[PDB]
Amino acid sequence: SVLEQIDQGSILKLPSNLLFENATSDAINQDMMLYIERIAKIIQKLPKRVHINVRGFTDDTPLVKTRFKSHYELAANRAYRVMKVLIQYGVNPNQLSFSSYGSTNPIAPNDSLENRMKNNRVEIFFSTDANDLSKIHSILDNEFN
(Lines of atoms letter the chains of each structure in order from A and count residues from 1; the text may use other names and numbers.)
(Lines give C-alpha, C1' and ligand atoms only; values in the text may rest on other atoms or scores of the structure.)
Protein backbone atom coordinates (compact mmCIF):
# COMPACT_ATOMS: atom_id res chain seq x y z
CA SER A 1 0.00 0.00 0.00
CA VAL A 2 2.60 2.53 -1.18
CA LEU A 3 1.85 6.14 -2.08
CA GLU A 4 3.41 7.54 -5.24
CA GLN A 5 3.51 11.07 -6.62
CA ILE A 6 3.77 12.30 -10.17
CA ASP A 7 3.71 15.89 -11.37
CA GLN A 8 -0.05 15.85 -12.01
CA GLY A 9 -1.46 14.07 -8.94
CA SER A 10 -1.05 11.58 -6.13
CA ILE A 11 -1.43 7.85 -6.61
CA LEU A 12 -2.68 5.49 -3.93
CA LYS A 13 -1.71 1.92 -4.88
CA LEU A 14 -3.65 -0.93 -3.26
CA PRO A 15 -3.03 -4.62 -4.24
CA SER A 16 -5.91 -7.01 -4.95
CA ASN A 17 -5.66 -8.74 -1.54
CA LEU A 18 -6.47 -5.52 0.37
CA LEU A 19 -9.85 -5.08 -1.38
CA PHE A 20 -11.12 -8.33 -2.93
CA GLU A 21 -11.30 -12.05 -2.19
CA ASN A 22 -9.39 -12.79 -5.42
CA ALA A 23 -7.87 -10.98 -8.41
CA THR A 24 -10.58 -12.16 -10.84
CA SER A 25 -13.89 -10.89 -9.44
CA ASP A 26 -15.51 -7.70 -8.17
CA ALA A 27 -16.29 -9.53 -4.92
CA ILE A 28 -14.91 -7.76 -1.90
CA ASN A 29 -13.55 -9.11 1.39
CA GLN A 30 -14.05 -8.68 5.19
CA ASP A 31 -11.29 -6.18 6.02
CA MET A 32 -12.45 -4.34 2.91
CA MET A 33 -15.09 -2.18 4.58
CA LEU A 34 -12.76 -1.02 7.40
CA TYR A 35 -9.84 -0.19 5.07
CA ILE A 36 -11.88 1.61 2.38
CA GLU A 37 -13.57 3.47 5.20
CA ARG A 38 -10.17 4.61 6.42
CA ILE A 39 -9.33 5.83 2.91
CA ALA A 40 -12.79 7.41 2.68
CA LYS A 41 -12.18 9.31 5.94
CA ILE A 42 -8.88 10.53 4.58
CA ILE A 43 -10.41 11.65 1.29
CA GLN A 44 -12.98 13.54 3.33
CA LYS A 45 -10.04 15.54 4.69
CA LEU A 46 -9.16 17.02 1.27
CA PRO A 47 -10.26 20.26 -0.48
CA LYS A 48 -13.76 20.05 -1.97
CA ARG A 49 -12.27 20.58 -5.44
CA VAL A 50 -9.89 17.61 -5.50
CA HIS A 51 -10.98 14.97 -7.96
CA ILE A 52 -10.60 11.33 -7.14
CA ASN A 53 -10.47 8.78 -9.90
CA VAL A 54 -10.54 5.06 -9.09
CA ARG A 55 -8.68 3.07 -11.70
CA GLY A 56 -8.64 -0.74 -11.84
CA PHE A 57 -6.06 -3.01 -13.49
CA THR A 58 -5.80 -6.78 -14.05
CA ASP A 59 -3.00 -9.25 -14.71
CA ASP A 60 -2.94 -10.97 -18.09
CA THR A 61 -4.28 -14.15 -16.47
CA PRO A 62 -6.71 -16.05 -18.72
CA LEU A 63 -10.32 -15.48 -17.76
CA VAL A 64 -11.85 -18.87 -16.98
CA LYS A 65 -12.72 -19.51 -13.34
CA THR A 66 -14.42 -16.08 -13.59
CA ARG A 67 -17.44 -14.60 -15.40
CA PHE A 68 -15.96 -11.61 -17.27
CA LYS A 69 -15.11 -11.52 -21.02
CA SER A 70 -12.35 -8.87 -20.94
CA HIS A 71 -9.71 -7.68 -18.50
CA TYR A 72 -11.25 -4.26 -19.16
CA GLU A 73 -14.66 -5.41 -17.93
CA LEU A 74 -12.98 -6.99 -14.89
CA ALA A 75 -11.13 -3.74 -14.06
CA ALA A 76 -14.18 -1.52 -14.54
CA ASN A 77 -16.29 -3.49 -12.07
CA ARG A 78 -13.62 -3.78 -9.40
CA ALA A 79 -12.99 -0.03 -9.68
CA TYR A 80 -16.75 0.62 -9.78
CA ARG A 81 -17.22 -1.39 -6.64
CA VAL A 82 -14.48 0.45 -4.72
CA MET A 83 -15.98 3.75 -5.89
CA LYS A 84 -19.34 2.69 -4.50
CA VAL A 85 -17.96 1.81 -1.11
CA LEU A 86 -16.11 5.12 -0.86
CA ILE A 87 -19.49 6.71 -1.41
CA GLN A 88 -21.42 4.46 1.06
CA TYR A 89 -18.86 5.79 3.53
CA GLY A 90 -19.53 9.48 2.78
CA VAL A 91 -17.43 10.65 -0.21
CA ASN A 92 -19.28 12.92 -2.64
CA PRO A 93 -20.22 11.31 -6.00
CA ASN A 94 -19.58 14.72 -7.61
CA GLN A 95 -15.92 14.30 -6.73
CA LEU A 96 -15.66 10.68 -7.80
CA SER A 97 -15.22 8.67 -10.98
CA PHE A 98 -13.92 5.20 -11.90
CA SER A 99 -11.71 3.68 -14.63
CA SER A 100 -10.28 0.60 -16.28
CA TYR A 101 -6.88 0.00 -17.91
CA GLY A 102 -7.36 -3.70 -18.50
CA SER A 103 -4.16 -5.68 -18.33
CA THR A 104 -1.66 -3.68 -20.41
CA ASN A 105 -0.15 -1.57 -17.64
CA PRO A 106 1.60 -3.99 -15.25
CA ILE A 107 3.69 -2.93 -12.27
CA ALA A 108 6.10 -5.85 -12.61
CA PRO A 109 6.48 -9.45 -13.80
CA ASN A 110 3.57 -11.65 -12.84
CA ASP A 111 6.11 -14.18 -11.50
CA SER A 112 5.26 -14.03 -7.79
CA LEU A 113 1.85 -13.77 -6.15
CA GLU A 114 2.92 -10.49 -4.50
CA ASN A 115 3.78 -8.96 -7.89
CA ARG A 116 0.62 -10.43 -9.41
CA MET A 117 -1.44 -8.72 -6.65
CA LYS A 118 0.27 -5.51 -7.83
CA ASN A 119 -0.82 -6.02 -11.44
CA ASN A 120 -4.44 -6.51 -10.26
CA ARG A 121 -4.21 -3.52 -7.93
CA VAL A 122 -6.69 -0.75 -7.63
CA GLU A 123 -5.22 2.73 -8.00
CA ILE A 124 -6.81 5.77 -6.38
CA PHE A 125 -5.51 8.74 -8.36
CA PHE A 126 -6.12 12.21 -6.84
CA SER A 127 -5.92 15.54 -8.71
CA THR A 128 -7.80 18.67 -9.87
CA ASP A 129 -8.78 20.34 -13.14
CA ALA A 130 -6.38 23.32 -13.11
CA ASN A 131 -6.77 25.52 -16.14
CA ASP A 132 -5.08 28.81 -15.12
CA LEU A 133 -1.86 28.12 -17.02
CA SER A 134 -4.13 27.32 -19.95
CA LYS A 135 -6.35 30.34 -19.18
CA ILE A 136 -3.21 32.51 -19.39
CA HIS A 137 -1.70 31.03 -22.56
CA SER A 138 -5.04 31.58 -24.27
CA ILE A 139 -5.42 35.20 -23.27
CA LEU A 140 -1.86 35.88 -24.52
CA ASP A 141 -2.59 33.93 -27.72
CA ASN A 142 -5.44 36.15 -28.89
CA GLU A 143 -3.55 39.31 -28.06
CA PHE A 144 -0.08 38.47 -29.42
CA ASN A 145 -0.21 35.38 -31.65
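Think of the rigid core as the biggest set of C-alphas that the two forms share within 1.5 Å after superposition. Start at 1 with the first residue shown and count on from there.
Chemist: Is the larger C-alpha RMS shift in 8 other deposited structures of this protein, relative to this form with the rigid core superposed, found in 88-96 or in 26-34?
Modeler: Output: 26-34, the stretch lying farther off on average in 8 other deposited structures of this protein.
Chemist: State which stretch is farther from the displayed form on average in 8 other deposited structures of this protein, 111-119 or 51-59, counting RMS CA distance after fitting on the rigid core.
Modeler: This comes out as 111-119, the stretch further from the shown form in 8 other deposited structures of this protein.
Chemist: On mean Cα temperature factor in this entry, is 34-42 or 51-59 the higher one?
Modeler: Averaging CA B-factors over each stretch, the winner is 34-42.
Chemist: Identify the stretch, either 116-124 or 72-80, whose C-alpha atoms have the larger mean B-factor according to the entry.
Modeler: Mean B over CA atoms: larger for 116-124.
Chemist: Can you pull the Cα B-factors for 97, 66, 88, 92 from the entry and say which is highest?
Modeler: In the PDB entry, the greatest C-alpha B-factor among 97, 66, 88, 92 is found at 66.
Chemist: Taking the C-alpha B-factors as the PDB entry records them, is residue 134 in the lowest, middle or highest third of its chain?
Modeler: Middle third by C-alpha B-factor.
Chemist: Ranking the modelled residues of this chain by C-alpha B-factor as given in the entry, is residue 105 in the lowest, middle or highest third?
Modeler: Its C-alpha B-factor belongs to the middle third of this chain's values.
Chemist: Compared with the other modelled residues in the chain, in which third is the CA B-factor of residue 16?
Modeler: For residue 16, whose C-alpha B-factor we compare with every modelled residue in the chain, the answer is the middle third.
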